[PDB]
Amino acid sequence: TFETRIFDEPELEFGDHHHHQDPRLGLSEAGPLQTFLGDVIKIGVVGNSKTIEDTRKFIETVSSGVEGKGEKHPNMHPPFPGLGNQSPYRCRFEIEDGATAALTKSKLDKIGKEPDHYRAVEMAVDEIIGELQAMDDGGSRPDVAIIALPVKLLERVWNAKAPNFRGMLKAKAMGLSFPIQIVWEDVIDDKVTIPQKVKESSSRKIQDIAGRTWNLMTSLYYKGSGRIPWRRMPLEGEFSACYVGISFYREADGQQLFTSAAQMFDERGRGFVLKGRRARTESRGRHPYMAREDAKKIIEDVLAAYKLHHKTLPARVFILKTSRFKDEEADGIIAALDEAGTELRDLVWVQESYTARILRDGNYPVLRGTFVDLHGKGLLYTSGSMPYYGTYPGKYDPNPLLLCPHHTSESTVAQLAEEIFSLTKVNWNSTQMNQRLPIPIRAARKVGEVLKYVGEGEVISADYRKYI
Amino acid sequence: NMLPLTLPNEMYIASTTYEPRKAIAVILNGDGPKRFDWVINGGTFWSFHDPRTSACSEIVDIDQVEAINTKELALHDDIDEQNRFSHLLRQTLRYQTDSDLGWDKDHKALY
Amino acid sequence: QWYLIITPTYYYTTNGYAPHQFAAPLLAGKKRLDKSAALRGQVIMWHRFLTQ
RNA sequence: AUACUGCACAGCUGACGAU
DNA sequence: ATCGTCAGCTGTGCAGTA
Ligand SMILES: [Mg+2]
């Protein structure tokens, strides 16, 4: 029989050393980890007048406060504690007049009944980018720009009537001074209906009036303030580390392959650094995996960033990858680490396409945090039933992960599993607790999803506020 | 959901070579009794015995039987041999299956 | 110690032995209403199938 | 594309045998 | 010139919030 373990629920760190494990309750009790020095955050809105009025009504409505959804599960549906003296962010959001643009009906008609699926997206993105450029060059620049898409505009760039509108929008908006956030006209009022892509009989489904706000205002605060709301809780007596994430993506046409990396590491005070890179390392082959010199370059850039910030070198160079480590990749990584002079190192392949499952008796699945050591490999469950929520928030048997080291790591299994289970709840795009993937993979995927549409010879930035 | 297996003792190896996949297909249409637990690698038969009393001597041809225990076969740490061993286990799972049919072409199911 | 892994699933036919054109959405509809208790029972049923 | 989970489908990469 | 085996990786769409 194999040896099993059950991991505890990880705790986060909010302001003034509050501990707690729920983002919503911790934000409502102690507030953000990094408090904003100002008092107001300015927001700019772009769209037709109906969307602007809906957005204004929405923020003035949610300023007073929204009650909860249900009574059977109090923790899973907490009420939003207003936006005022009892705000969870200890700040205010204020939409200033004059920092608001508009799009004429004739201009949208030009992006209406127009042929081809690449020209119309081009006209829409260049008009929106030019309007934002004209807004930014004045004296009413906001801290975050909200793009409220009309219902009609969706029928030409998203539904039916082929690139990604969001990808080209983010790629063209990379060269700005403030990040942007896109809404879909049904988050701001519960009276509109957007049809689906292939079948028009159904429609989109929205979470809740109280569930929208807990994510939207958190993301808006992060994008418009630049301060991290929460972070993982460091232990006592652990070594200094630096986490790197590797991923691969294919371009729009040609089915060649590329490589993306993410460069998390901790901070001296109370902070957390999470950023991408500043280059793309060619398109060497349409296969997966990576070459040797690219791995050398990635490791060198990561160590250069850590040396620039901390004025020293880290003691752990933890590496995660979505594919099996070939011999040349490991050779390059080991050569770079040995030339740099670091002693501790871990290389882990995270696998999702496995078939072994754990079955228990009863109407509810296995607890979140069960680990089974399969003769060197590790089966870890990051989804399932939780006692804090009081139920299992899913619809089927959850999907476990298989962790496997490349025979040269300096730490044993059931410690890498503990670190990966610790690293999953840090995601400032959602407030839930049922997230499966750790952040070094999701960050690289989100970076690549926008880096697909950057043309040759353009400039790119390491800012994470321009990829989410 | 794991399940252990226990492999048989003896393994039979032949040296027939003039039989591609097409030849063994067109000979398994007109084979009579159906056992369906052989593989083709080129110059080898690689089956679980029954070389004469199985209506398979048209490809066996009473070749020089290399009686080798399967205990050394599973220990053969080679990927190319491991894929063929898994192929033989998969094809032997296709026995005791005509009573329950299944396995159309793609879903790898046993309906 | 060769190991076998079983993963329960469903196969749809129109009647007897014939493919169904609308075979894709029935799997999702059956998997959506399932619980986490039938899978273990199906697994031990398959084990009893193979052992007997 | 306020969000996450679960499922489905489609592509195309490596190692092995010959026509 | 594609056909068989073995292990994989990405995109593109729904349902459901327990
Ligand atoms: Mg977002």
# chains A, B, ... in the order shown; residues from 1 in each chain; ligands from 1
>>> interface_residues(of="chain D", to="chain C", cutoff="9 Å", atoms="only C-alpha atoms (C1' of nucleotides)", output="PDB file with N, CA, C and O atoms (P, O5', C5', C4', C3', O3' and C1' of nucleotides), in the first residue's frame")
ATOM      1  P     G D   6     -11.684  20.766 -12.789  1.00  0.00           P
ATOM      2  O5'   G D   6     -12.967  20.213 -13.553  1.00  0.00           O
ATOM      3  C5'   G D   6     -13.913  19.388 -12.889  1.00  0.00           C
ATOM      4  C4'   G D   6     -15.155  19.189 -13.720  1.00  0.00           C
ATOM      5  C3'   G D   6     -14.942  18.674 -15.134  1.00  0.00           C
ATOM      6  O3'   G D   6     -14.735  17.274 -15.189  1.00  0.00           O
ATOM      7  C1'   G D   6     -16.447  20.489 -15.184  1.00  0.00           C
ATOM      8  P     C D   7     -13.804  16.636 -16.335  1.00  0.00           P
ATOM      9  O5'   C D   7     -14.722  16.661 -17.635  1.00  0.00           O
ATOM     10  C5'   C D   7     -15.943  15.941 -17.672  1.00  0.00           C
ATOM     11  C4'   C D   7     -16.823  16.389 -18.813  1.00  0.00           C
ATOM     12  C3'   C D   7     -16.263  16.185 -20.210  1.00  0.00           C
ATOM     13  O3'   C D   7     -16.418  14.854 -20.676  1.00  0.00           O
ATOM     14  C1'   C D   7     -17.180  18.360 -20.032  1.00  0.00           C
ATOM     15  P     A D   8     -15.397  14.245 -21.759  1.00  0.00           P
ATOM     16  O5'   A D   8     -15.843  14.913 -23.133  1.00  0.00           O
ATOM     17  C5'   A D   8     -17.135  14.678 -23.673  1.00  0.00           C
ATOM     18  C4'   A D   8     -17.462  15.658 -24.771  1.00  0.00           C
ATOM     19  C3'   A D   8     -16.523  15.652 -25.964  1.00  0.00           C
ATOM     20  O3'   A D   8     -16.832  14.622 -26.886  1.00  0.00           O
ATOM     21  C1'   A D   8     -16.908  17.881 -25.269  1.00  0.00           C
ATOM     22  P     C D   9     -15.660  13.822 -27.639  1.00  0.00           P
ATOM     23  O5'   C D   9     -15.293  14.761 -28.871  1.00  0.00           O
ATOM     24  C5'   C D   9     -16.296  15.178 -29.783  1.00  0.00           C
ATOM     25  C4'   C D   9     -15.892  16.429 -30.522  1.00  0.00           C
ATOM     26  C3'   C D   9     -14.614  16.339 -31.339  1.00  0.00           C
ATOM     27  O3'   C D   9     -14.814  15.723 -32.600  1.00  0.00           O
ATOM     28  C1'   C D   9     -14.620  18.347 -30.081  1.00  0.00           C
TER      29        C D   9
END
>>> closest_atom_pairs(of="chain B", to="chain C", cutoff="8 Å", atoms="only C-alpha atoms", output="Markdown table")
| residue | atom | partner | partner_atom | distance |
| --- | --- | --- | --- | --- |
| B:1 | CA | C:5 | CA | 6.0 |
| B:2 | CA | C:5 | CA | 5.0 |
| B:3 | CA | C:4 | CA | 5.0 |
| B:4 | CA | C:3 | CA | 4.8 |
| B:5 | CA | C:2 | CA | 5.5 |
| B:6 | CA | C:1 | CA | 7.6 |
| B:109 | CA | C:11 | CA | 7.8 |
| B:111 | CA | C:11 | CA | 6.3 |
>>> residues_near_ligand(ligand="ligand 1", cutoff="9 Å", atoms="only C-alpha atoms (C1' of nucleotides) and all ligand atoms", output="JSON, numbers by chain")
{"A": [181, 182, 215, 216, 219, 428, 429, 430, 467, 468], "D": [1, 2, 3]}
>>> write_last_selection(atoms="N, CA and C atoms (P, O5', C5', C4', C3', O3' and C1' of nucleotides)", output="PDB file, in the first residue's frame")
ATOM      1  N   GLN A 181      -9.740  47.574 -18.937  1.00  0.00           N
ATOM      2  CA  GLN A 181     -10.577  46.470 -18.484  1.00  0.00           C
ATOM      3  C   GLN A 181     -11.852  46.451 -19.312  1.00  0.00           C
ATOM      4  N   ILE A 182     -12.231  45.275 -19.809  1.00  0.00           N
ATOM      5  CA  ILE A 182     -13.314  45.129 -20.779  1.00  0.00           C
ATOM      6  C   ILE A 182     -14.520  44.508 -20.082  1.00  0.00           C
ATOM      7  N   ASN A 215     -15.274  40.472  -7.652  1.00  0.00           N
ATOM      8  CA  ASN A 215     -14.169  40.301  -8.586  1.00  0.00           C
ATOM      9  C   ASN A 215     -13.844  41.590  -9.331  1.00  0.00           C
ATOM     10  N   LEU A 216     -14.878  42.311  -9.779  1.00  0.00           N
ATOM     11  CA  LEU A 216     -14.671  43.488 -10.615  1.00  0.00           C
ATOM     12  C   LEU A 216     -13.964  44.601  -9.858  1.00  0.00           C
ATOM     13  N   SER A 219     -10.249  43.585  -9.126  1.00  0.00           N
ATOM     14  CA  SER A 219      -9.414  43.728 -10.315  1.00  0.00           C
ATOM     15  C   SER A 219      -9.209  45.194 -10.675  1.00  0.00           C
ATOM     16  N   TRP A 428      -4.916  37.505  -8.631  1.00  0.00           N
ATOM     17  CA  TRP A 428      -5.690  38.746  -8.574  1.00  0.00           C
ATOM     18  C   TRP A 428      -6.477  38.983  -9.859  1.00  0.00           C
ATOM     19  N   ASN A 429      -7.199  37.948 -10.274  1.00  0.00           N
ATOM     20  CA  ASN A 429      -8.238  38.052 -11.282  1.00  0.00           C
ATOM     21  C   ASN A 429      -9.536  37.417 -10.815  1.00  0.00           C
ATOM     22  N   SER A 430      -9.532  36.767  -9.654  1.00  0.00           N
ATOM     23  CA  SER A 430     -10.700  36.114  -9.092  1.00  0.00           C
ATOM     24  C   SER A 430     -10.558  36.108  -7.578  1.00  0.00           C
ATOM     25  N   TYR A 467      -1.616  42.223 -19.276  1.00  0.00           N
ATOM     26  CA  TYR A 467      -1.912  40.887 -19.768  1.00  0.00           C
ATOM     27  C   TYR A 467      -3.134  40.253 -19.122  1.00  0.00           C
ATOM     28  N   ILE A 468      -3.682  40.846 -18.067  1.00  0.00           N
ATOM     29  CA  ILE A 468      -4.890  40.328 -17.440  1.00  0.00           C
ATOM     30  C   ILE A 468      -6.005  41.363 -17.529  1.00  0.00           C
TER      31      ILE A 468
ATOM     32  P     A D   1     -10.197  41.611 -18.984  1.00  0.00           P
ATOM     33  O5'   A D   1     -11.185  41.203 -20.164  1.00  0.00           O
ATOM     34  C5'   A D   1     -12.083  40.108 -20.016  1.00  0.00           C
ATOM     35  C4'   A D   1     -13.403  40.376 -20.697  1.00  0.00           C
ATOM     36  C3'   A D   1     -14.500  39.347 -20.425  1.00  0.00           C
ATOM     37  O3'   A D   1     -15.766  40.003 -20.386  1.00  0.00           O
ATOM     38  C1'   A D   1     -14.078  39.452 -22.745  1.00  0.00           C
ATOM     39  P     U D   2     -16.829  39.648 -19.235  1.00  0.00           P
ATOM     40  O5'   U D   2     -16.025  39.852 -17.876  1.00  0.00           O
ATOM     41  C5'   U D   2     -15.675  41.149 -17.415  1.00  0.00           C
ATOM     42  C4'   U D   2     -15.381  41.140 -15.938  1.00  0.00           C
ATOM     43  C3'   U D   2     -14.628  39.924 -15.425  1.00  0.00           C
ATOM     44  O3'   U D   2     -13.230  40.003 -15.639  1.00  0.00           O
ATOM     45  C1'   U D   2     -16.477  40.346 -14.021  1.00  0.00           C
ATOM     46  P     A D   3     -12.380  38.671 -15.930  1.00  0.00           P
ATOM     47  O5'   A D   3     -12.569  37.802 -14.612  1.00  0.00           O
ATOM     48  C5'   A D   3     -12.307  36.408 -14.610  1.00  0.00           C
ATOM     49  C4'   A D   3     -12.899  35.748 -13.392  1.00  0.00           C
ATOM     50  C3'   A D   3     -12.874  34.229 -13.378  1.00  0.00           C
ATOM     51  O3'   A D   3     -11.626  33.721 -12.936  1.00  0.00           O
ATOM     52  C1'   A D   3     -15.008  35.019 -12.697  1.00  0.00           C
TER      53        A D   3
END
>>> closest_atom_pairs(of="chain E", to="chain A", cutoff="7 Å", atoms="only C-alpha atoms (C1' of nucleotides)", output="CSV")
residue,atom,partner,partner_atom,distance
E:9,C1',A:288,CA,6.5
E:17,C1',A:207,CA,6.5
E:18,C1',A:393,CA,5.9
>>> write_last_selection(atoms="C-alpha atoms (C1' of nucleotides)", output="compact mmCIF listing (two decimals), in the first residue's frame")
# COMPACT_ATOMS: atom_id res chain seq x y z
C1' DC E 9 0.98 19.22 -26.51
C1' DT E 17 -22.94 28.53 -10.18
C1' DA E 18 -24.08 24.37 -4.06
>>> select_by_dssp(residues="stretch 34-260 of chain A", states="helix (DSSP H, G or I)", output="JSON, numbers by chain")
{"A": [49, 50, 51, 52, 53, 54, 55, 56, 57, 58, 59, 60, 61, 62, 63, 64, 105, 106, 107, 108, 109, 110, 119, 120, 121, 122, 123, 124, 125, 126, 127, 128, 129, 130, 131, 132, 133, 134, 135, 136, 151, 152, 153, 154, 155, 156, 157, 165, 166, 167, 168, 169, 170, 171, 172, 173, 174, 175, 209, 210, 211, 212, 213, 214, 215, 216, 217, 218, 219, 220, 221, 222, 223, 224, 225]}
>>> atom_distance(atom1="atom CA of residue A:436", atom2="atom CA of residue A:420")
9.9 Å
>>> interface_residues(of="chain B", to="chain E", cutoff="12 Å", atoms="only C-alpha atoms (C1' of nucleotides)", output="PyMOL selection string")
chain B and resi 20-22+25+39-41+79-91
>>> interface_residues(of="chain A", to="chain B", cutoff="10 Å", atoms="only C-alpha atoms", output="number ranges by chain")
A: 355-359
>>> residues_around(residues="residue B:31", least_positions_apart="5", cutoff="9 Å", atoms="only C-alpha atoms (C1' of nucleotides)", output="ChimeraX atom specification")
/B:26,55-56,58
>>> residues_around(residues="stretch 229-237 of chain A", least_positions_apart="5", cutoff="6 Å", atoms="only C-alpha atoms (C1' of nucleotides)", output="short mmCIF file (atom, residue, chain, number, x, y, z; two decimals) with C-alpha atoms, in the first residue's frame")
data_model
loop_
_atom_site.label_atom_id
_atom_site.label_comp_id
_atom_site.auth_asym_id
_atom_site.auth_seq_id
_atom_site.Cartn_x
_atom_site.Cartn_y
_atom_site.Cartn_z
CA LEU A 12 -2.87 34.26 3.02
CA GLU A 13 -1.50 37.48 4.51
CA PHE A 14 -3.63 40.63 4.46
CA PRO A 32 -5.43 45.22 1.37
CA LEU A 33 -1.85 44.29 2.18
#
>>> interface_residues(of="chain D", to="chain B", cutoff="12 Å", atoms="only C-alpha atoms (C1' of nucleotides)", output="ChimeraX atom specification")
/D:15-19
>>> write_last_selection(atoms="N, CA, C and O atoms (P, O5', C5', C4', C3', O3' and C1' of nucleotides)", output="PDB file, in the first residue's frame")
ATOM      1  P     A D  15      11.699  10.923 -34.284  1.00  0.00           P
ATOM      2  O5'   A D  15      11.669   9.514 -33.544  1.00  0.00           O
ATOM      3  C5'   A D  15      12.523   9.252 -32.440  1.00  0.00           C
ATOM      4  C4'   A D  15      12.120   7.989 -31.724  1.00  0.00           C
ATOM      5  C3'   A D  15      11.862   6.782 -32.612  1.00  0.00           C
ATOM      6  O3'   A D  15      13.046   6.103 -32.993  1.00  0.00           O
ATOM      7  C1'   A D  15      10.063   7.033 -31.121  1.00  0.00           C
ATOM      8  P     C D  16      13.215   5.565 -34.498  1.00  0.00           P
ATOM      9  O5'   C D  16      12.309   4.254 -34.540  1.00  0.00           O
ATOM     10  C5'   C D  16      12.588   3.157 -33.685  1.00  0.00           C
ATOM     11  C4'   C D  16      11.452   2.164 -33.644  1.00  0.00           C
ATOM     12  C3'   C D  16      11.113   1.459 -34.948  1.00  0.00           C
ATOM     13  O3'   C D  16      11.994   0.391 -35.251  1.00  0.00           O
ATOM     14  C1'   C D  16       9.120   2.168 -33.881  1.00  0.00           C
ATOM     15  P     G D  17      12.354   0.042 -36.778  1.00  0.00           P
ATOM     16  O5'   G D  17      11.028  -0.628 -37.358  1.00  0.00           O
ATOM     17  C5'   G D  17      10.897  -2.041 -37.441  1.00  0.00           C
ATOM     18  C4'   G D  17       9.734  -2.446 -38.315  1.00  0.00           C
ATOM     19  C3'   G D  17       9.801  -2.000 -39.769  1.00  0.00           C
ATOM     20  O3'   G D  17      10.574  -2.883 -40.565  1.00  0.00           O
ATOM     21  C1'   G D  17       7.653  -1.529 -38.882  1.00  0.00           C
ATOM     22  P     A D  18      11.196  -2.395 -41.964  1.00  0.00           P
ATOM     23  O5'   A D  18      10.011  -2.589 -43.010  1.00  0.00           O
ATOM     24  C5'   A D  18       9.431  -3.871 -43.250  1.00  0.00           C
ATOM     25  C4'   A D  18       8.067  -3.754 -43.890  1.00  0.00           C
ATOM     26  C3'   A D  18       8.077  -3.523 -45.399  1.00  0.00           C
ATOM     27  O3'   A D  18       6.887  -4.074 -45.967  1.00  0.00           O
ATOM     28  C1'   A D  18       7.086  -1.666 -44.338  1.00  0.00           C
ATOM     29  P     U D  19       6.811  -4.433 -47.535  1.00  0.00           P
ATOM     30  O5'   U D  19       5.971  -3.233 -48.167  1.00  0.00           O
ATOM     31  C5'   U D  19       4.555  -3.176 -48.015  1.00  0.00           C
ATOM     32  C4'   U D  19       3.893  -2.269 -49.031  1.00  0.00           C
ATOM     33  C3'   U D  19       4.521  -2.237 -50.425  1.00  0.00           C
ATOM     34  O3'   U D  19       3.491  -2.147 -51.407  1.00  0.00           O
ATOM     35  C1'   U D  19       4.441  -0.044 -49.536  1.00  0.00           C
TER      36        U D  19
END
>>> atom_distance(atom1="atom CA of residue A:319", atom2="atom CA of residue A:265")
12.0 Å
>>> interface_residues(of="chain A", to="chain C", cutoff="6 Å", atoms="only C-alpha atoms", output="list in words")
residues 359, 362, 363, 364, 365 and 397 of chain A
>>> write_last_selection(atoms="C-alpha atoms", output="short mmCIF file (atom, residue, chain, number, x, y, z; two decimals), in the first residue's frame")
data_model
loop_
_atom_site.label_atom_id
_atom_site.label_comp_id
_atom_site.auth_asym_id
_atom_site.auth_seq_id
_atom_site.Cartn_x
_atom_site.Cartn_y
_atom_site.Cartn_z
CA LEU A 359 -12.59 6.74 -5.18
CA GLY A 362 -20.48 8.58 -0.12
CA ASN A 363 -22.26 11.32 -2.02
CA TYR A 364 -19.33 13.76 -1.91
CA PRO A 365 -15.85 13.56 -3.50
CA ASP A 397 -15.50 14.17 -10.20
#
>>> atom_distance(atom1="atom CA of residue B:16", atom2="atom CA of residue B:71")
23.7 Å
>>> residues_around(residues="residue B:99", least_positions_apart="4", cutoff="12 Å", atoms="only C-alpha atoms (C1' of nucleotides)", output="ChimeraX atom specification")
/B:94-95,110-111
>>> residues_around(residues="residue A:461", least_positions_apart="4", cutoff="8 Å", atoms="only C-alpha atoms (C1' of nucleotides)", output="mmCIF file with C-alpha atoms, in the first residue's frame")
data_model
loop_
_atom_site.group_PDB
_atom_site.id
_atom_site.type_symbol
_atom_site.label_atom_id
_atom_site.label_comp_id
_atom_site.auth_asym_id
_atom_site.auth_seq_id
_atom_site.Cartn_x
_atom_site.Cartn_y
_atom_site.Cartn_z
ATOM 1 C CA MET A 174 0.447 47.711 -24.777
ATOM 2 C CA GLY A 276 6.803 38.600 -17.726
ATOM 3 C CA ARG A 277 9.763 39.213 -20.032
ATOM 4 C CA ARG A 278 11.025 41.663 -22.669
#
>>> decode(residues="stretch 281-312 of chain A", atoms="N, CA and C atoms", output="JSON list (two decimals), in the first residue's frame")
[["chain", "number", "residue", "atom", "x", "y", "z"],
["A", 281, "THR", "N", 12.03, 34.51, -28.09],
["A", 281, "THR", "CA", 13.21, 33.76, -28.52],
["A", 281, "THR", "C", 12.86, 32.87, -29.70],
["A", 282, "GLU", "N", 12.62, 33.50, -30.86],
["A", 282, "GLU", "CA", 12.53, 32.86, -32.17],
["A", 282, "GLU", "C", 11.41, 31.81, -32.23],
["A", 283, "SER", "N", 11.37, 31.03, -33.30],
["A", 283, "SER", "CA", 10.32, 30.04, -33.54],
["A", 283, "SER", "C", 10.94, 28.72, -33.97],
["A", 284, "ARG", "N", 11.92, 28.24, -33.20],
["A", 284, "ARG", "CA", 12.73, 27.09, -33.59],
["A", 284, "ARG", "C", 11.93, 25.80, -33.53],
["A", 285, "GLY", "N", 11.23, 25.49, -34.61],
["A", 285, "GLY", "CA", 10.51, 24.23, -34.72],
["A", 285, "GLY", "C", 9.06, 24.34, -34.29],
["A", 286, "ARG", "N", 8.23, 23.50, -34.89],
["A", 286, "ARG", "CA", 6.82, 23.41, -34.54],
["A", 286, "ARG", "C", 6.54, 22.31, -33.52],
["A", 287, "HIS", "N", 7.58, 21.66, -33.02],
["A", 287, "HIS", "CA", 7.43, 20.70, -31.94],
["A", 287, "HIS", "C", 7.25, 21.43, -30.61],
["A", 288, "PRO", "N", 6.79, 20.72, -29.58],
["A", 288, "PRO", "CA", 6.90, 21.26, -28.21],
["A", 288, "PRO", "C", 8.34, 21.23, -27.71],
["A", 289, "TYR", "N", 8.52, 21.52, -26.42],
["A", 289, "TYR", "CA", 9.81, 21.56, -25.72],
["A", 289, "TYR", "C", 10.63, 22.76, -26.18],
["A", 290, "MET", "N", 11.85, 22.91, -25.66],
["A", 290, "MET", "CA", 12.67, 24.07, -25.97],
["A", 290, "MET", "C", 14.11, 23.64, -26.19],
["A", 291, "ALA", "N", 14.89, 24.55, -26.78],
["A", 291, "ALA", "CA", 16.29, 24.31, -27.07],
["A", 291, "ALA", "C", 17.14, 24.58, -25.82],
["A", 292, "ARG", "N", 18.46, 24.60, -25.99],
["A", 292, "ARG", "CA", 19.40, 24.77, -24.89],
["A", 292, "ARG", "C", 19.74, 26.23, -24.65],
["A", 293, "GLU", "N", 20.08, 26.96, -25.72],
["A", 293, "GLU", "CA", 20.46, 28.37, -25.59],
["A", 293, "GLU", "C", 19.31, 29.22, -25.08],
["A", 294, "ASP", "N", 18.08, 28.89, -25.46],
["A", 294, "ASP", "CA", 16.92, 29.61, -24.94],
["A", 294, "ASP", "C", 16.76, 29.40, -23.44],
["A", 295, "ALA", "N", 17.00, 28.17, -22.97],
["A", 295, "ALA", "CA", 16.97, 27.91, -21.53],
["A", 295, "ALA", "C", 18.07, 28.67, -20.81],
["A", 296, "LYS", "N", 19.26, 28.73, -21.40],
["A", 296, "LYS", "CA", 20.34, 29.54, -20.85],
["A", 296, "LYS", "C", 19.93, 31.00, -20.73],
["A", 297, "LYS", "N", 19.31, 31.54, -21.79],
["A", 297, "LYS", "CA", 18.88, 32.93, -21.79],
["A", 297, "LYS", "C", 17.81, 33.19, -20.73],
["A", 298, "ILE", "N", 16.85, 32.27, -20.59],
["A", 298, "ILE", "CA", 15.77, 32.44, -19.62],
["A", 298, "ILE", "C", 16.31, 32.43, -18.20],
["A", 299, "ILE", "N", 17.18, 31.47, -17.89],
["A", 299, "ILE", "CA", 17.75, 31.37, -16.55],
["A", 299, "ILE", "C", 18.62, 32.59, -16.25],
["A", 300, "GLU", "N", 19.39, 33.05, -17.24],
["A", 300, "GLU", "CA", 20.23, 34.23, -17.05],
["A", 300, "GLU", "C", 19.40, 35.47, -16.78],
["A", 301, "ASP", "N", 18.30, 35.65, -17.52],
["A", 301, "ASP", "CA", 17.43, 36.81, -17.30],
["A", 301, "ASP", "C", 16.78, 36.76, -15.92],
["A", 302, "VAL", "N", 16.35, 35.58, -15.48],
["A", 302, "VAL", "CA", 15.73, 35.44, -14.17],
["A", 302, "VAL", "C", 16.72, 35.79, -13.06],
["A", 303, "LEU", "N", 17.94, 35.25, -13.16],
["A", 303, "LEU", "CA", 18.96, 35.54, -12.16],
["A", 303, "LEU", "C", 19.37, 37.00, -12.19],
["A", 304, "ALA", "N", 19.40, 37.61, -13.38],
["A", 304, "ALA", "CA", 19.71, 39.03, -13.49],
["A", 304, "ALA", "C", 18.65, 39.88, -12.81],
["A", 305, "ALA", "N", 17.37, 39.52, -12.97],
["A", 305, "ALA", "CA", 16.30, 40.27, -12.30],
["A", 305, "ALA", "C", 16.40, 40.15, -10.79],
["A", 306, "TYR", "N", 16.65, 38.93, -10.29],
["A", 306, "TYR", "CA", 16.77, 38.75, -8.84],
["A", 306, "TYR", "C", 17.98, 39.49, -8.29],
["A", 307, "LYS", "N", 19.10, 39.46, -9.01],
["A", 307, "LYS", "CA", 20.30, 40.17, -8.57],
["A", 307, "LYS", "C", 20.08, 41.68, -8.59],
["A", 308, "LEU", "N", 19.33, 42.18, -9.58],
["A", 308, "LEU", "CA", 19.02, 43.60, -9.63],
["A", 308, "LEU", "C", 18.17, 44.02, -8.44],
["A", 309, "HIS", "N", 17.19, 43.19, -8.06],
["A", 309, "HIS", "CA", 16.32, 43.62, -6.97],
["A", 309, "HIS", "C", 16.97, 43.42, -5.60],
["A", 310, "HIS", "N", 17.42, 42.21, -5.28],
["A", 310, "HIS", "CA", 17.86, 41.89, -3.93],
["A", 310, "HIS", "C", 19.34, 42.14, -3.68],
["A", 311, "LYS", "N", 20.11, 42.54, -4.70],
["A", 311, "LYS", "CA", 21.55, 42.78, -4.61],
["A", 311, "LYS", "C", 22.32, 41.53, -4.16],
["A", 312, "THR", "N", 21.79, 40.36, -4.47],
["A", 312, "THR", "CA", 22.43, 39.08, -4.15],
["A", 312, "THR", "C", 21.82, 38.02, -5.06]]
